[PDB]
């Protein structure tokens, strides 16, 4: 019926397929001009920031804004290519690019997860009137970012050791 490799390849395909509208309509809002987005999407973003108390996409710091520029220039063009390769199967040429994407995305989230878990978001910090204050709110926000470190990690382990992609 279905194999364990092929089933993961379908999971990787939808992960890249869903990342295209998620990046365009949500994450790149902190870098791209606001007038590119309708009023409905701009308030949709504020719903997420107010519900999850996200302080990075709200006012992007210089280090976090540099990562968003990487997501537009390097990751976003790679998402449709990776979605096709893992949906069709047998595309061995995606091996090295997928490894490059996985290590790059895993490295971007390490400072993000570390910032949300340990930093203070009250006054006397650059973030003002924003950020999680309790341990529950910090974990509630980390769970939203944590798939973009685990799934690239799974892809990295999958691409390195799979004899079919080597």
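Numbering follows the first chain given and starts at 1. Note that the rigid core is defined as the largest set of C-alphas that superpose within 1.5 Å between two forms.
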- By Cα RMS to this form in 4 other deposited structures of this protein after fitting the core, the stretch ranking higher of 128-136 and 41-49 is 128-136
- Fit on the core, then compare CA atoms: does 2-10 or 155-163 lie farther from this form in 4 other deposited structures of this protein? 2-10
- Message: Tell me which stretch, 103-111 or 28-36, has the higher mean Cα B-factor listed in the entry.
- Response: 28-36
- Note on the structure: In this crystal structure's PDB entry, the residue among 98, 116, 124, 68 with the greatest CA B factor is 124
- Query: For residue 159, does the deposited CA B-factor place it in the lowest, middle or highest third of the chain?
  - Reply: lowest
- Of the three thirds of Cα B-factor ranks in this chain, residue 63 occupies the lowest
